[PDB]
Colleague: 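Mind having a look at this structure? Questions to follow.
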Amino acid sequence: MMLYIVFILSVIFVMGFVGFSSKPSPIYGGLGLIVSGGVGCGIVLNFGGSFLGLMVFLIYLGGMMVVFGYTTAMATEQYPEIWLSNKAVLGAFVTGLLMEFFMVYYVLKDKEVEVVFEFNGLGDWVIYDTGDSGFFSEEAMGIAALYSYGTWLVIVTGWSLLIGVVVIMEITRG
Amino acid sequence: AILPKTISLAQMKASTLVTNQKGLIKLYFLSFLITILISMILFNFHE
Amino acid sequence: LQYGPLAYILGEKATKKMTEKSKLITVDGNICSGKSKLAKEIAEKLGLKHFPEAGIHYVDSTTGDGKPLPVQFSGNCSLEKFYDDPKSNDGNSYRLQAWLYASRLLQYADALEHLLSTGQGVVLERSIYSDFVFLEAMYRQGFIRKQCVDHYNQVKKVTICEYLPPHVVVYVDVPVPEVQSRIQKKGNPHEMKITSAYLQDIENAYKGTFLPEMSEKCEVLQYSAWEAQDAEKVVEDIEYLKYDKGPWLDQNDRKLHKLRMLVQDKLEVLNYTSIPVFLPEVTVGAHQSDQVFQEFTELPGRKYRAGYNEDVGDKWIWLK
Amino acid sequence: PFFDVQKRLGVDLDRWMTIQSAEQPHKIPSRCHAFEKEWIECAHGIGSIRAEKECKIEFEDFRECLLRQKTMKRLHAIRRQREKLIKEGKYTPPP
Amino acid sequence: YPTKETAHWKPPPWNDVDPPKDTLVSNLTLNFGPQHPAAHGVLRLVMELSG
Amino acid sequence: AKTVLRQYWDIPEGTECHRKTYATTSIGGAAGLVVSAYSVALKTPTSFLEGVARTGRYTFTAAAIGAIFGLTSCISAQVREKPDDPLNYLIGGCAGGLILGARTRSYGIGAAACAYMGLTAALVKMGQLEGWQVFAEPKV
Amino acid sequence: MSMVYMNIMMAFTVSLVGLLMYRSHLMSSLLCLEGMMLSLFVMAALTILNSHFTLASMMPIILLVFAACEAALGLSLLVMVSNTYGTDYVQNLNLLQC
Amino acid sequence: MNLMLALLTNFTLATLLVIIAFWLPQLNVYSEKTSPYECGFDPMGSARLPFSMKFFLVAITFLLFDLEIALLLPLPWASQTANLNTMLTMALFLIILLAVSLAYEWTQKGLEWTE
Amino acid sequence: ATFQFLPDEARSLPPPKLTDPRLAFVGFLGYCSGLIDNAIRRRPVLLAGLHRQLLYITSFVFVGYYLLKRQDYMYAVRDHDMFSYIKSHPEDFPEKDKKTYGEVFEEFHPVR
Amino acid sequence: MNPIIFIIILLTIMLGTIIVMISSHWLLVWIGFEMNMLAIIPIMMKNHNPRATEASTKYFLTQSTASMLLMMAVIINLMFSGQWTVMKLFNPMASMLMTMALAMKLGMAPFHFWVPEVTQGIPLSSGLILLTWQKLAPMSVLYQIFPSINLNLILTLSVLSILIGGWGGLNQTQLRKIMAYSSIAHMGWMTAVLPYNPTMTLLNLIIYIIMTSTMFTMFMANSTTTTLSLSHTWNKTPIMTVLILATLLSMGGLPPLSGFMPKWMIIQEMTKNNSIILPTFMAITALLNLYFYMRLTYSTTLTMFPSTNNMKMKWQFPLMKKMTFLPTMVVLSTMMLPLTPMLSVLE
Ligand SMILES: CCCCCCCCCCCCCCCCCC(=O)OC[C@H](COP(=O)(O)OCCN)OC(=O)CCCCCCCCCCCCCCCCC
Ligand SMILES: CCCCCCCCCCCCCCCCCC(=O)OC[C@H](COP(=O)(O)OCCN)OC(=O)CCCCCCCCCCCCCCCCC
Ligand SMILES: CCCCCCCCCCCCO[C@@H]1O[C@H](CO)[C@@H](O[C@H]2O[C@H](CO)[C@@H](O)[C@H](O)[C@H]2O)[C@H](O)[C@H]1O
Ligand SMILES: CCCCCCCCCCCCO[C@@H]1O[C@H](CO)[C@@H](O[C@H]2O[C@H](CO)[C@@H](O)[C@H](O)[C@H]2O)[C@H](O)[C@H]1O
Ligand SMILES: CCCCCCCCCCCCO[C@@H]1O[C@H](CO)[C@@H](O[C@H]2O[C@H](CO)[C@@H](O)[C@H](O)[C@H]2O)[C@H](O)[C@H]1O
Ligand SMILES: Nc1nc2c(ncn2[C@@H]2O[C@H](COP(=O)(O)OP(=O)(O)OP(=O)(O)O)[C@@H](O)[C@H]2O)c(=O)[nH]1
Ligand SMILES: N=C(N)NC(=N)NCCc1ccc(I)c(Cl)c1
Ligand SMILES: [Mg+2]
């Protein structure tokens with residue numbers, strides 16, 4: 001069952017998505033997006049990208065903290081909805097869990113499944129590379145190249161973040 | 001029924017169908033979901 | 001350079017020109033209350049530009065050669081006819097008030113433009129902010145209809161919102177019985193037909209709506225008949241005002257640039273004074289409209305844009 | 001590109017990341033480097049219409065390297081067959 | 001072309017500005033004391049808060 | 001859609017009219033549902049039952065036009081022994097328009113529907129015989 | 001494909017359906033946009049890491065950068081919608097029917 | 001496995017302490033005890049009512065600035081490149097632009113809380 | 001050549017005559033713009049600002065000269081590509097033997 | 001808004017569009033779209049009113065959704081091709097998602113619902129950018145991926161756009177909403193010919209941009225946003241009514257005006273490919289566009305509607321608007337048909 005770690009995490013990934021896609025109160029929607037960002041970190045980390053997985057987890061922790069503050073200010077009501085409080089929320093939540101459950105059940109039983117498309121259920125390990133013995137991290141060298149190869153990328157993203165500051169000040173001024 | 005009166009009436013009738021909307025974000029994006037579904041389920045535009 | 005974003009970028013900013021003396025002053029009061037005398041004397045002592053009260057022919061005085069045009073080019077609206085038969089079938093009563101508000105609207109834009117571009121204050125006699133008192137007086141007396149007031153409020157709503165109110169609202173209080181008497185001494189036969197109920201409605205509007213409203217946003221100085229006579233004592237009150245309220249405290253060069261862009265473009269100022277609302281009193285049929293517009297372009301100096309009419313002496317047109 | 005200013009000005013704004021056989025930091029090769037090289041060199045200069053037919057052999061191999069779908073069917077069939085024998089007592093995996 | 005569904009439609013404002021609403025921008029009310037370190041124990045300071 | 005249209009097109013005209021009705025009723029029923037889905041989504045019904053009731057009407061009406069066309073057209077083919085005749089579809093297309101008029105309870109609509117649906121159906125048969133392409137494949 | 005791809009694509013589809021099926025809170029839907037990025041980030045990262053396509057290792061980072069710009073712009077509009085109406089309900093944003 | 005064992009142990013022990021805390025003490029529950037606290041008087045309105053955010057603009061800016069650190073974190077690795085001329089320029093270019101946006105928001109009064 | 005308005009090979013084509021009727025038309029469009037510019041701004045249409053009216057004719061002619069030069073080049077390229085292809089594939093463009101109407105049979109349709 | 005800030009943002013709207021058009025990498029194309037969206041929202045919110053806020057929100061939600069389907073298509077393409085080059089996609093699902101993403105960005109039916117509402121809710125000058133400059137980036141992508149586009153999908157979007165654009169405009173009195181449904185109808189023509197001759201997609205896009213700018217610039221000139229206010233123009237600037245009549249007849253595609261050129265050349269390329277029914281259907285359905293263009297001519301130029309007394313005050317003031325390029329654009333909108341062979345420069 002440990003050879004299926006990446007699949008188990010991906011199951012929780014979907015459960016988190018169903019958690020906030022059913023759209024309860026954004027307080028709980030934020031929590032589900034945090035859980036998905038946590039296992040998502042673990043999924044990416046298990047393919048050799050510890051930096052990428054840790055970054056997305058860190059970035060989404062900051063984003064959801066601001067969303068929480070905005071929720072208490074602009075998206076609250078007397079009785080915030082949990083997943084059981086509303087039929088539409090519960091119905092959407094139940095439907096997602098059942099769809100995920102039957103996908104997991106059949107892919108595990110057959111070691112293969114067709115959910116619209118063909119997916120192989122042998123486990124994710126089978127596709128891994130077999131010949132790693134370099135004395136560095138390939139993810140790090142690729143990311144570190146943003147400052148040498150990716151001059152043009154640095155310019156457009158750097159400009160866009162500056163414009164983002166300018167634009168949010170225009171939008172939010174009366 | 002090549003009458004101008006009938007032709008102009010069908011366009012009038014069709015014009016009211018197209019334009020008489022509620023202006024609600026929720027209903028528009030709901031119809032997007034319907035369009036995507038049938039684009040695959042009914043016409044196999046995805047293949 | 002004509003004023004615009006480029007000129008603003010290069011340094012032309014309203015805060016440079018403006019000072020502690022860049023003020024917009026308005027003198028209000030009933031009819032024959034002494035406004036004009038007081039306003040003219042305030043302007044000289046403080047060294048401000050004086051705009052006489054905007055009449056029917058104010059627009060003429062700012063375009064062309066400055067002389068009044070024949071009345072058919074202002075719609076035949078007449079003040080005298082209003083006093084003779086204010087309940088006329090031809091709707092002259094509301095056509096006048098609608099025209100007068102547009103004239104006041106244009107004068108306010110000119111006044112603001114003078115202040116912003118040169119920094120010098122201005123003195124006005126009534127304004128778009130007090131023009132409604134005549135509307136209410138007309139309605140109470142049954143001179144105009146409910147629809148006309150609705151139309152007036154539509155136009156006022158989408159035009160007065162763009163501007164800033166005066167810094168100072170000088171007001172002269174002269175009770176109706178004295179106003180009555182001061183009218184006969186004027187000797188205009190048409191004015192003497194004015195009823196006192198009409199003048200009372202004017203007073204009630206000023207003291208009922210105008211002054212209470214303008215107190216929250218401007219400095220309001222009220223003077224009696226004799227108080228108003230010493231213009232020097234009025235100027236003394238103005239010179240020591242605190243100026244600590246109203247929207248002028250919130251104005252920065254970004255806002256005053258946008259404001260100055262509006263007031264220098266007169267067709268943008270007057271845009272909504274002709275909204276397509278078809279009241280009988282202000283609607284003109286196609287044939288009358290077309291025929292009069294042909295006459296207007298036949299007036300000296302009016303066929304072409306100013307500076308391109310060589311029937312009045314313009315030169316170098318082939319290089320302009 | 002709609003306007004190939006990069007190839008006009010001799011400037012490389014983004015062609016360096018377009019393919020995985022491009023020059024990588026410290027000469028670290030992608031897993032499917034050989035297949036992509038072979039497919040790209042086959043189809044160079046003849047256009048997509050010809051390449052779709054004439055470079056099919058190289059593209060299917062490259063596709064096989066990328067997604068490994070035929071490899072997993074070969075391994076899935078063996079793993080399923082082996083367990084079908086385990087119960088029947090017809091196979092003993094080696095030590 | 002008028003219909004039953006569009007009967008309630010009205011032309012937009014001439015200047016494209018709809019009047020500001022007052023849907024309730026209410027303040028938060030808080031009992032600051034009496035039982036409170038900074039209220040000296042017998043001060044019920046009823047305090048209307050925006051943030 | 002391709003499958004149902006192929007089934008209708010890939011069986012000989014005028015033979016086995018009970019099958020053809022299955023194909024044209026399926027096309028009609030499907031079109032009625034597509035209208036129901038967009039109509040229900042864009043014009044929210046007041047209740048669940050109204051939304052289902054509206055869906056039933058559109059799906060029934062569209063399917064009824066589909067069945068009658070596929071039946072009227074095929075019966076005339078065997079009756080007249082003219083399998084490859086656009087005239088058969090003109091009758092089949094008109095019969096559909098009459099049903100639309102009855103379901104909409106409007107002679108004017110029923111009269112207009114016949115002319116447009118009858119002539120549209122007749123043109124479709126000509127297109128099949130002549131090889132007319134609606135969405136033509138790029139060639140030059 | 002691998003069985004992890006089944007779940008990540010499922011996650012993207014779930015958040016897309018959550019996005020297209022609005023309720024009331026505009027904030028709830030802005031979350032679904034953030035979710036859709038998260039699934040796209042994970043799926044892109046897996047493909048790039050598994051193929052060992054080194055230079056592409058930086059584009060998931062770039063993906064996140066413009067997700068924040070997109071989220072920040074969305075929150076800026078939500079603030080302005082809330083100021084006008086006092087809630088973030090999307091049913092209030094229907095003036096432009098007429 | 002070491003890390004997952006460490007995480008499982010940490011949160012298990014925390015959960016165990018909560019379980020003891022709730023099942024070991026003697027409970028005495030009634031309405032007045034569990035009512036919300038507000039210094040002795042009953043609260044006025046719900047605590048779920050909107051709470052104005054006066055730093056809303058800074059919070060949005062935090063999003064854009066928090067992504068910058070994700071772009072700047074790889075810099076210790078970027079310093080190993082042979083192409084040191086390019087990285088140093090681009091590293092400094094990014095930081096300067098981050099400084100420019102702070103200067104723009106500062107000067108425009110974006111850092112001051114609304115009233 | 002990629003992203004070149006006029007590739008180098010276009011120089012071996014004869015440039016458009018400055019008396020090209022199409023160019024004369026482009027100059028006429030420039031003149032019409034100048035008159036419209038006077039009209040919308042309520043200036044004397046024919047006389048006002050001849051310096052401005054002149055820059056209209058010149059700018060239209062200047063821009064229109066190079067558009068015409070590239071137009072001609074792109075049709076020359078089309079023909080060059082087409083004729084070369086016909087030379088590369090003789091079997092797809094065979095030379096039929098043309099019969100005379102004395103031999104070819106055509107049906108007669110009387111108009112009665 | 002500060003004038004320098006307005007210029008910088010406006011250049012960023014253009015910069016994002018340029019990035020899309022010069023990029024060879026799908027990620028940079030996606031970046032160009034995000035940059036363009038980030039810079040156009042502040043131009044919609046410029047006048048700060050509840051209608052601008054609504055329009056900006058509806059625009060952001062539609063564009064943000066489309067961008068997400070675009071990126072999904074890109075990643076699927078990377079999965080099945082291991083490359084990022086902007087060209088034909090290598091997966092039919094990727095093509096469908098990218099095609100729908102670009103249809104949403106363009107506002108093509110049935111993804112069209114936002115175009116009339118966003119256009120109505122923003123100032124005329126912002127609507128001009130929306131209905132013209134914002135078409136360039138999505139079209140430049142379609143121009144490059146059309147070999148893998150599903151023919152049934154693209155032609156269905158074309159047909160629906162022409163019908164819905166034609167029908168939607170019949171019910172409108174707001175000029176900004178008439179231009180929105182006109183835009184939807186014209187997008188259908190550009191994509192209808194794209195599978196057959198992409199050069200004619202460019203020709204139709206260019207001429208549409210010229211004519212659309214000409215109309216918006218003349219609406220801006222008199223600050224008119226409704227039919228009735230536009231009907232007062234004859235009593236202010238008679239010349240402006242003749243220019244509007246000529247441009248509206250051209251948009252309607254009447255010979256011998258410029259706007260007939262795209263319809264003429266698109267019909268030609270489709271009949272070379274044995275497509276007779278579709279271009280015949282498209283031309284007849286375009287008569288819907290001509291009908292609600294003709295009404296604007298009747299109330300503007302060919303009759304004289306009632307005026308108001310205050311209109312006389314406007315006679316004394318000259319037009320002050322910049323009206324940039326209006327003399328040149330109006331001549332290009334009407335008198336280009338004799339120079340049609342010049343279309344080969346786009347080849
Ligand atoms: C060899 C050239 C043959 C000419 C071919 C003309 C083809 C149409 C060209 C379209 C451009 C026309 C000029 C643009 C309008 C400007 C003129 C105007 O608006 O009013 C007329 C004006 C006189 O009025 P005013 O305002 O007082 O100016 C004082 C100057 N005397 O100015 C004048 O006195 C005369 C200015 C020209 C008047 C143009 C008349 C309208 C032409 C457009 C109608 C359609 C043209 C015919 C269509 C078939 C195309 C051949
Ligand atoms: C060359 C090959 C290509 C051929 C294609 C066809 C070319 C057409 C190009 C059209 C370009 C627009 C140029 C139109 C110029 C018309 C001249 C004009 O506008 O009339 C002058 C007058 C201007 O008024 P104003 O400047 O304010 O001075 C006071 C005078 N009233 O205005 C008025 O006062 C008139 C007010 C009454 C309105 C009457 C409207 C009916 C006349 C319409 C004629 C124009 C029709 C254009 C459509 C195409 C025609 C073929
Ligand atoms: C709006 C919702 C969007 C949700 C997105 C959902 C995820 C989309 C997954 C895209 C990948 C689907 O993958 C699809 O299945 C298999 C993959 O081997 C392929 O299968 C098909 O093509 C290949 C050709 O080489 C062969 O297997 C075979 O000819 C055929 O079966 C399809 O060509 C491919 O399109
Ligand atoms: C036969 C093959 C070719 C035929 C082509 C004919 C297409 C139609 C051309 C005319 C279109 C006119 O469009 C519109 O038609 C109707 C009637 O017809 C007119 O409407 C008029 O007739 C109707 C009914 O007769 C009256 O209720 C209405 O009061 C009256 O205004 C509209 O004022 C006109 O604007
Ligand atoms: C062979 C190809 C034929 C091409 C036809 C070209 C399409 C032309 C489309 C015109 C459609 C709009 O035209 C519209 O027709 C209806 C017909 O009733 C008219 O409507 C008229 O009759 C109805 C009732 O019958 C009245 O309620 C309405 O007050 C009256 O005006 C509209 O006033 C007109 O605007
Ligand atoms: N109906 C109407 N009459 C107006 C308006 N403004 C001025 N008038 C009239 O114009 C005439 C002169 O203006 P007044 O200032 O009020 O009278 P006055 O004699 O000049 O007395 P002074 O205030 O000292 O200038 C008065 O008879 C007014 O009734 C107006 O906005 N509406
Ligand atoms: N129809 C296409 N898909 N391609 C296209 N636009 N032209 C293809 C043929 C062509 C036509 C004119 C010229 I001038 C040239 Cl050089 C080449
Ligand atoms: Mg006076």
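Numbers restart at 1 for each chain; the letters A, B, ... are given by sequence-line order, proteins then strands. Heavy atoms only: backbone and side chains are in, while hydrogens, waters and symmetry mates are out.
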Colleague: Counting only heavy atoms closer than 4.5 Å, note whether G:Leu93 contacts chain B via side chain, backbone, both or neither.
Modeller: both

Colleague: Which bit of B:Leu27 is near chain G, if near means a heavy-atom gap under 4.5 Å: side chain, backbone, both or neither?
Modeller: neither

Colleague: Could you tell me whether G:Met1 atom CE has more than 12 heavy atoms of other residues or ligands within 6.0 Å of it?
Modeller: yes

Colleague: Treating G:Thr13 as the side-chain partner and G:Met9 as the backbone partner, does any N or O pair qualify as donor plus acceptor under 3.5 Å?
Modeller: yes

Colleague: Among B:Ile36, B:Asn44, B:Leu42, find the one that has a side-chain contact (heavy atoms from CB on, under 4.5 Å) with B:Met40.
Modeller: B:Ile36

Colleague: So which residue, G:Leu16, G:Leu20, G:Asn94, G:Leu19, ends up with the most heavy-atom pairs under 4.5 Å with chain B?
Modeller: G:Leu20

Colleague: Is the ring pair G:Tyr22/B:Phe29 parallel, tilted or perpendicular, if the boundaries are 30 and 60 degrees?
Modeller: tilted

